[PDB]
Amino acid sequence: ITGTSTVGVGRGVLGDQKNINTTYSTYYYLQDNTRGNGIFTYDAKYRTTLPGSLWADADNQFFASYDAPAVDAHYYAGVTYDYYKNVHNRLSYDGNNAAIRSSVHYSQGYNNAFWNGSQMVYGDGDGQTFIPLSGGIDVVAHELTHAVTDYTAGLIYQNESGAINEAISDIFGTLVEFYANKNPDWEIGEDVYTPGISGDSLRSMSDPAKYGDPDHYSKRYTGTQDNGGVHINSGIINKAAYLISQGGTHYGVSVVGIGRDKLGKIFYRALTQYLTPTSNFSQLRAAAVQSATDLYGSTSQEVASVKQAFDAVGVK
Ligand SMILES: CC(C)C[C@H](NP(=O)(O)CNC(=O)OCc1ccccc1)C(=O)NCC(=O)O
Ligand SMILES: [Ca+2]
Ligand SMILES: [Ca+2]
Ligand SMILES: [Ca+2]
Ligand SMILES: [Ca+2]
Ligand SMILES: [Zn+2]
């Protein structure tokens, strides 16, 4: 909407206070004009029609329980925009500052979040498996990264390409979580998963097997559930990414870590210059090796480490 840029204040899902960019025209709307062509947050009102209504508030204060998922979706979309712009020189998900749209309060007891082809969508959870999912910065960045993937490599959402698609979202979700630097880790969704259980998460990149996911190509799932295991087999690539960054010895294969920034540069280049809609794991290995070669040179430690990591997870 047309209006003047303002700064509201509120509390997120975890009870933390933050400032948010809003727009004033009669009401204060969750419309952040400071980033690209805007970040817009909508109320789905417990229903499934999308996007719902642009979030309107009378006083620019967002401290109601109902406000919390909107505050975090809006704010963490901003952080994710900043990561892509500042770290990768990418302007929004399409590279041309497309408006970023999110809807919260989707459906009832909805234990998931997704990119629907046009926007991000967040359930509130059922209060047992999840609390409102926008409370996780890794979750928000995971969802926006699906949009980046769709506009770039275009990895088809099934089987190996789909598992790469998922891993790309977990990798950048995690790198955004480190960028914001609040309780960062290599776990996925820990901030909004199972409020009654401490110390767990939906997935782990450092040890995917902790939550039943494969950490070696020999353990890949090839059934039909979960689109051919896109959230399962992602563990193989998540493990490789973790090893590239942090190092370690996995099934006897030692990897020299090169750090998060270089992991991010290598995978961003692979995503945007080499991967295609049908890439499999072997082709991802080749893309990451080529990307590291471009950035650091054929004889570099970075290239050697990428090879070590894929060797470690059984991907040739
Ligand atoms: C980071 C998580 C908290 C949320 C994350 N959600 P996600 O991977 O975006 C869900 N994916 C999804 O719904 O894809 C199906 C789809 C939806 C809409 C259009 C096209 C395809 C997840 O791992 N979900 C688990 C699952 O769906 O099994
Ligand atoms: Ca208010
Ligand atoms: Ca964390
Ligand atoms: Ca995390
Ligand atoms: Ca938990
Ligand atoms: Zn996903």
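No hydrogens, no waters, no symmetry mates; every other heavy atom, side chains included, goes into these values. Counting starts at 1 for both ligands and their atoms, in listed order. Counting from 1, the numbers follow the sequence of the chain as shown.
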Revision key, fill the gap. Restricting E177 to its N/O/S atoms, the closest one to the Ca ion (ligand 3) is OE2
Check your understanding: Aromatic ring centroids of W186 and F178 under 6.0 Å?
Key -> yes
Point to revise | Check: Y66 ring centre within less than 6.0 Å of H105 ring centre | key: yes
**Study point:** Donor-acceptor side-chain pairing of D215 and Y242 below 3.5 angstrom
**Key:** no
Exercise for review: Indicate if the distance from the Ca ion (ligand 3) to the nearest N, O or S atom of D138 falls below 3.0 Å.
Suggested key: no
Check your understanding: In terms of the angle between their ring planes, are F172 and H88 parallel, tilted or perpendicular, with boundaries placed at 30° and 60°?
Key -> perpendicular
Check your understanding: Taking the six-membered ring of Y211 as reference, does the NZ or CZ atom of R203 fall below 6.0 Å from its centre and within a 45° cone about the axis?
Key -> no
Review point. How close do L30 and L54 get, heavy atom to heavy atom, and via which atoms?
Key: O-CD1, 3.8 Å
Exercise for review: Mind checking how many protein N/O/S atoms fall short of 3.0 Å from the Ca ion (ligand 5)?
Suggested key: 5
Check your understanding: Rounded to the nearest 0.5 Å, how far does OG1 of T22 lie from NE2 of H74?
Key -> 7.0 Å
Review point. What pairs with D226 under salt bridge (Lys or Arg N to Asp or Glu O under 4.0 Å), at least two apart in sequence or on another chain?
Key: none
Review point. With a cut-off of 3.0 Å, does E187 place any N/O/S atom under that distance from the Ca ion (ligand 3)?
Key: no
Practice item. Considering just N/O/S atoms, say which atom of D185 is closest to the Ca ion (ligand 4). Key: OD1
Exercise for review: Tell me whether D191 has at least one N, O or S atom under 3.0 Å from the Ca ion (ligand 4).
Suggested key: no
